[PDB]
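Heads up: the sequence shown is residues 5 to 870, going by the entry's author numbering. Heads up, the beta-carbon is just placed ideally off N, CA and C, and yes, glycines get one too.
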Amino acid sequence: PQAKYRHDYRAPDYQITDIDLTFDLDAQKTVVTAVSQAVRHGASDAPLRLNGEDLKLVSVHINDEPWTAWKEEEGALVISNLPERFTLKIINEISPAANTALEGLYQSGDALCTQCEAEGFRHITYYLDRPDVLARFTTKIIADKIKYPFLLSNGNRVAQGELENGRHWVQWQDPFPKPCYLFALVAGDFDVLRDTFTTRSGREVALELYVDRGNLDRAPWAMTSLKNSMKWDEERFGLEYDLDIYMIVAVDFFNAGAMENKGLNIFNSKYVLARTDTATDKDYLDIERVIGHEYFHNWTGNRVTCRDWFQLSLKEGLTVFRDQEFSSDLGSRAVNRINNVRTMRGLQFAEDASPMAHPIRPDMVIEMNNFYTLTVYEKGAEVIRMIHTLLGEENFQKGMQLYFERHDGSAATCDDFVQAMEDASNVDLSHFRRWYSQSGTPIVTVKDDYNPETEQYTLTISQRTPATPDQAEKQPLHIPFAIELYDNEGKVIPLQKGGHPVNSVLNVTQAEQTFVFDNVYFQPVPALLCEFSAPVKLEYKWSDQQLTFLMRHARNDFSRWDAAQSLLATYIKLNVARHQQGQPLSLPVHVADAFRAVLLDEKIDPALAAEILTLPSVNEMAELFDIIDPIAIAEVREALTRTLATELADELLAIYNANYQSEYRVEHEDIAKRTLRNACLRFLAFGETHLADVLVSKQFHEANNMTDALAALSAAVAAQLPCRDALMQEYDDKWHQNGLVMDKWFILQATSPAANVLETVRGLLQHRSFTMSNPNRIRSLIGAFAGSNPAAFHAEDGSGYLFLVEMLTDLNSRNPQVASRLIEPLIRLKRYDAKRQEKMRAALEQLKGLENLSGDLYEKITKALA
Ligand code: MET
Ligand code: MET
Ligand code: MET
Ligand code: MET
Ligand code: NA
Ligand code: NA
Ligand code: NA
Ligand code: NA
Ligand code: NA
Ligand code: NA
Ligand code: NA
Ligand code: NA
Ligand SMILES: [Zn+2]
């Protein structure tokens, strides 16, 4: 399988303007008739090259003439000797029931549904399956009325009828030209939740949420979130919905999260279905985020789309930025920013240091479904946020407005978006564009000097990005480096130089530079890289007291959290080294006291307190090290938890009890209190065993909501408490029929610290709630083992690797996209010690030799083994 290169992009030889699709729908054999209106742009002797995968070609006509000048080749139908303008008609057959990869047209339970992004439409018919070809679609669907009473596609119903032998049909038209990745089709029998939204200018929108029969009780929050999304995009970005109907279909079988098909979004049911006894507060907030994300794509992705797949971040970085802003505006901005930083520093930094490292606009792709990444998405959004930092909200919105004014109705590039921002704002983003083309995480080193004679504070800042496997050359970036200086009372020192105010966003644009601030009347305590103002590793020599001071005084909630993270880092590193020497945990009393003070501070927002009291995950801990020791990290995190539970036992219990809430409500203040209460419970679980067991069991049995029940269950598992087996069996007996709820239970099984976790995990491959046919189940049991239980995944006997090899041997043939998700932990081998690395390499070499190795795995394996 051959790599494609961004620099090889060229305008298409042919365009398709209009396409009329007919589906004679049947699970075993679907017949597709596609009538396309084509126009030649290239040379008169150029053939039309159509993409197609696993199609049975029945016929080819050009202006109703059965065509002879064509041939099929690998992945293609090549049609020669064409007029300049013509009607192409293809008839072909496909088999949705055989489609286990869930790309193209497939089955989800008894429903038929599609997933076309990135290159799935070519599994449906022979087409120009590239996103710079935009066409107006009309779609006729013919099916058995009893089995498929709802027949849905993009847009509005323009025709409908009934036929003999129990068949019926519906035809749909969507007036907006679209790339085929935005096509969708759904057929099935559903319950439907119906509502309305009226846009600010008065357009009335019918809202329709399709769910499996029996699930209406879990649909209102998603509907509410849709309306919230639509209102917010009007208030924040001045954007209204542009169609008459907004359909969302929740399907149980779906490889990713959800999909922005124009007017007909298709969602993994995990990001739709919630009731207070099935879904946690975090599930509610994730539903909100994802519903919003896909809605936001209506402008950032659909009204302006991507010229080619290398420009993916153009829609994904920007839409992720939008979802974050939506979440942050509606909820706790601090808690949002904190969690997005945790993901950046703990998961995305890992990718940027891996063999799969790529810039946010990639240069080289073998399998495009491998580039829906933390980098494209999350780092992408950090790049959009840097623009926002450099421009300010008002100029950023001017840029958005110019972007849509120039590019509405077309397929644009990352560079087009940057130019709109630069042109609208008059901020020069020439150097800034390097963030699109350079991979790896920059390291920003800061030295400081205070001159008591002149009352000047000097920062010397340097940057470099280490080489990555994809790029041997690196150059300095335009890094917006936000600072704040604090005096001995915790007041902000005005930034100024030579009698003039100085912006607190420093432009760090060279390998090394100095910044001098005047009238610095007291030796400052700096807050550096405020709000994580650029996606960089910060190297500054902090004292413990500078950090504890920030925890007490910093103006931005994020800064308080971040200071706590830097304080902990030092002692995580210390204790990993101690673990390797066989020694007990060591922690200065003044560090425990800083956390004691957070617990007792009444003026701190509980949302913030909770995050300060949530230790870095094992992923975030791993980023602190060059060579990862996954067993030390896991054991250190547990030991640190136990030490704090002991030292802060009284305070923990007091705050746990103070934050009790007898009413459950899905409201942000109430969520914050619960997160604080449950952060306390996590420590309490690891305290004295009998008190722990009682507290955890009681919370699980008395819980009136899944947030509180799961927090208790999860603590019973993490601390291996006596009640654990009974509680886990109770959850299974109650919830086994509900796959989404059992996903949480599979995650706890997968991530259990028990000595025999892998034996238990293999046993669960036969559990009544598990199936290898369902991506969510795979991810919750197998994925979570490999990716979130590094101590067990990286067991010294290599048993973790062998397990994953066996699962991937199945998944490579069944569902290569889920396979490629699950292989990611093996491709990190060079971060591990020699002996682990050798076993991981042997596992990768076994997978490299699979018969019919998928392109998805091949890409990753070849990079990892280089
Ligand atoms: C490759 S699956 C499609 C992902 C979808 N565009 C999203 O943003 O969630
Ligand atoms: C944080 S300002 C102090 C910088 C340095 N320790 C000095 O004494 O100049
Ligand atoms: C929402 S999980 C079920 C929890 C319930 N308190 C029980 O003991 O069964
Ligand atoms: C993670 S709970 C421990 C496993 C449990 N005893 C079981 O067999 O399912
Ligand atoms: Na047709
Ligand atoms: Na077109
Ligand atoms: Na209104
Ligand atoms: Na907010
Ligand atoms: Na968190
Ligand atoms: Na000095
Ligand atoms: Na440091
Ligand atoms: Na099963
Ligand atoms: Zn998206």
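DSSP three-state assignment for residue i, whether helix, strand or coil
i: residue 407; result: helix
i: residue 552; result: helix
i: residue 187; result: coil
i: residue 3; result: Given that the chain is displayed from residue 5 to residue 870, the structure contains no residue 3 and the question cannot be resolved.
i: residue 577; result: helix
i: residue 113; result: coil
i: residue 148; result: strand
i: residue 430; result: coil
i: residue 669; result: coil
i: residue 609; result: coil
i: residue 506; result: coil
i: residue 276; result: coil
i: residue 727; result: coil
i: residue 479; result: coil
i: residue 691; result: coil
i: residue 199; result: strand
i: residue 645; result: helix
Span separating the alpha-carbon of residue i from that of residue j
i: residue 382; j: residue 167; result: 49 Å
i: residue 186; j: residue 424; result: 25 Å
i: residue 229; j: residue 304; result: 19 Å
i: residue 408; j: residue 513; result: 29 Å
i: residue 254; j: residue 740; result: 20 Å
i: residue 225; j: residue 262; result: 16 Å
i: residue 529; j: residue 489; result: 6 Å
i: residue 689; j: residue 670; result: 25 Å
i: residue 397; j: residue 358; result: 34 Å
i: residue 270; j: residue 252; result: 6 Å
i: residue 556; j: residue 522; result: 26 Å
i: residue 235; j: residue 203; result: 8 Å
i: residue 29; j: residue 171; result: 10 Å
i: residue 144; j: residue 301; result: 25 Å
i: residue 276; j: residue 115; result: 17 Å
i: residue 322; j: residue 283; result: 28 Å
i: residue 293; j: residue 331; result: 6 Å
i: residue 169; j: residue 148; result: 8 Å
i: residue 593; j: residue 621; result: 23 Å
Residue from the options with nearest C-alpha to residue i
i: residue 482; options: 540, 141, 524 and 504; result: 540
i: residue 808; options: 766, 779 and 267; result: 766
i: residue 308; options: 48, 319 and 298; result: 319
i: residue 248; options: 258, 268 and 236; result: 268
i: residue 356; options: 337, 346 and 377; result: 377
i: residue 713; options: 281, 550 and 336; result: 281
i: residue 723; options: 758, 555 and 750; result: 758
i: residue 469; options: 454, 76, 484 and 445; result: 445
i: residue 448; options: 463, 435 and 769; result: 463
i: residue 484; options: 536, 260, 796 and 276; result: 536
i: residue 841; options: 847, 848 and 833; result: 833
Residues sharing a beta bridge with residue i, DSSP
i: residue 76; result: 81
i: residue 544; result: 450
i: residue 417; result: Answer is none; residue 417 lacks a bridge partner.
i: residue 423; result: BP columns for residue 423 are empty, so no partner.
i: residue 530; result: 489
i: residue 92; result: 40 and 66
i: residue 24; result: 39 and 142
_the stretch 51 to 59 contacting the stretch 127 to 142, beta-carbon criterion three pairs below 8 Å_ = These segments touch.
*Are there three or more Cβ pairs, one per stretch, closer than 8 Å when the stretch 817 to 827 is compared with the stretch 101 to 114?*
They touch, by the three-pair rule.
*Would you call the stretch 605 to 616 and the stretch 642 to 652 touching, i.e. three or more CB-CB distances under 8 Å?*
No, because fewer than three Cβ pairs between the stretch 605 to 616 and the stretch 642 to 652 fall closer than 8 Å, the two stretches do not touch.
_Count Cβ pairs between the stretch 489 to 508 and the stretch 442 to 459 that sit closer than 8 Å; are there 3 or more?_
Taking 8 Å as the limit for Cβ pairs, the verdict is that the stretch 442 to 459 does not touch the stretch 489 to 508.
*Are the stretch 619 to 634 and the stretch 778 to 786 touching, with three or more C-beta to C-beta distances below 8 Å?*
No, the stretch 619 to 634 is not in contact with the stretch 778 to 786.
*Check whether the stretch 39 to 46 touches the stretch 17 to 30, counting contact only when three or more Cβ pairs, one atom from each stretch, lie closer than 8 Å.*
The answer is yes - the stretch 17 to 30 touches the stretch 39 to 46, with three or more Cβ pairs under 8 Å.
_Quick test of the definition: if touching needs 3 or more C-beta pairs under 8 Å, does the stretch 727 to 744 touch the stretch 692 to 701?_
Short answer: they touch.
*Is the stretch 172 to 191 in contact with the stretch 150 to 162, if contact means three or more CB pairs nearer than 8 Å?*
These segments touch.
*asked:* Below 8 Å, how does it come out for the stretch 363 to 375 and the stretch 332 to 348: are there three or more Cβ pairs, yes or no?
replied: Flag = no, the stretch 363 to 375 and the stretch 332 to 348 do not touch.
*Counting Cβ pairs closer than 8 Å, one from the stretch 677 to 694 and one from the stretch 656 to 664, do we hit at least three?*
Contact between the stretch 677 to 694 and the stretch 656 to 664 is present: 3 or more CB-CB pairs across the two stretches fall below 8 Å.
_Cβ contact (3+ pairs, closer than 8 Å) linking the stretch 786 to 802 and the stretch 75 to 89_ = Counting Cβ pairs under 8 Å, fewer than three are found: no touch.
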